[PDB]
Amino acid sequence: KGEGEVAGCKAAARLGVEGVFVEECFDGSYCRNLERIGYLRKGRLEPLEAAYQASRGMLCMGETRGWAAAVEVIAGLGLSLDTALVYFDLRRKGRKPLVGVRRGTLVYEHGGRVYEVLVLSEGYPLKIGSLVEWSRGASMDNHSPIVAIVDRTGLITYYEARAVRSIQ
């Protein structure tokens, strides 16, 4: 090309068929932090974290930046927008989630407690029984069950939803 736009990027990455690969680290302590926390390993950056870092303006995907880069990553790897928005929100709060084993979930650990977050979206109904069974399964794995409801405009609301035999 002419000139590559690197200024204002803390790292640069490429999108490949199944992942984001970090090609340049312009701020060493930035990438070392992503490595320390577990999201970056040998150039491979977790998909949701790559989308998040792009949304912050710290990760450049080639010459694509900001939320435009975030979208490239979400669309490119087939991430759910609402799961990404909850993920970003949790990261903004200082939490460090991972993709959970159960479909549609994020898990993060805070204060020696593990939280399992089920991401629900307006316009996509679910069975009350499925909510009970999911909550039971989370509790059975020693996770606090949190539901994150994203409305049709992107407003996020969190509740703890605990399955029990008797009110208490």
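Residue positions are given as counts along the sequence shown, with the first one as 1.
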In the PDB record, does 124-132 or 97-105 carry the higher mean Cα temperature factor?
97-105
Residue range whose averaged C-alpha B-factor is higher in the record, 33-41 or 59-67:
59-67
Residue, from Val150, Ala12, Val17, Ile146, that the PDB entry assigns the highest Cα B-factor:
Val17
Would you mind checking where the Cα B-factor of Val86 ranks among the modelled residues of its chain, as the lowest, middle or highest third?
lowest
Taking the entry's C-alpha B-factors for this chain, is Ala138 in the lowest, middle or highest third?
middle
Thinking about Cα B factors across the chain, which third does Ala163 belong to?
middle
